[PDB]
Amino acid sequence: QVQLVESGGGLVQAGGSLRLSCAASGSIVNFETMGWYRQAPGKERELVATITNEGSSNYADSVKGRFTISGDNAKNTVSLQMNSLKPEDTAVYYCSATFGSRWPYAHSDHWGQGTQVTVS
């Protein structure tokens, strides 16, 4: 019975910063990978930042050194700290979670419904 709860987003000035959070409930096991994808209008959905159970993070080249993802395995939560916001960052951001084997599943993957961040 996996559910994702997304928090954060909204309108923010260029150069400002904000935080997105995502928390998964209904997984009996910790996430395999969790993080954010974003879709800018007129664009394809693209990876922004993800982190694994090993705590290894992956970022889009364009947010690297600007955005930081952190995670808490035991609480199945991730946080994205967005610093130095730019026009390119205006988009809908979607939380994503994947979980590995726990009976009766081999794996599962989950998407949020998105929160928009608008850089003014």
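The first residue of the sequence shown is number 1, and the count goes up from there.
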key: Higher-B stretch (mean Cα B-factor, as the entry records it), 101-109 or 21-29   = 21-29
request  = Pick between 38-46 and 91-99: the one whose mean CA B-factor in the entry is higher.
outcome  = 38-46
key: Selection from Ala74, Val63, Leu85, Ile69 [criterion: highest C-alpha temperature factor in the record]   = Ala74
key: Lowest, middle or highest third - CA B-factor, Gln3   = middle
inquiry  = Based on the deposited C-alpha B factors for this chain, I'd like to know if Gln116 is in the lowest, middle or highest third.
reply    = middle
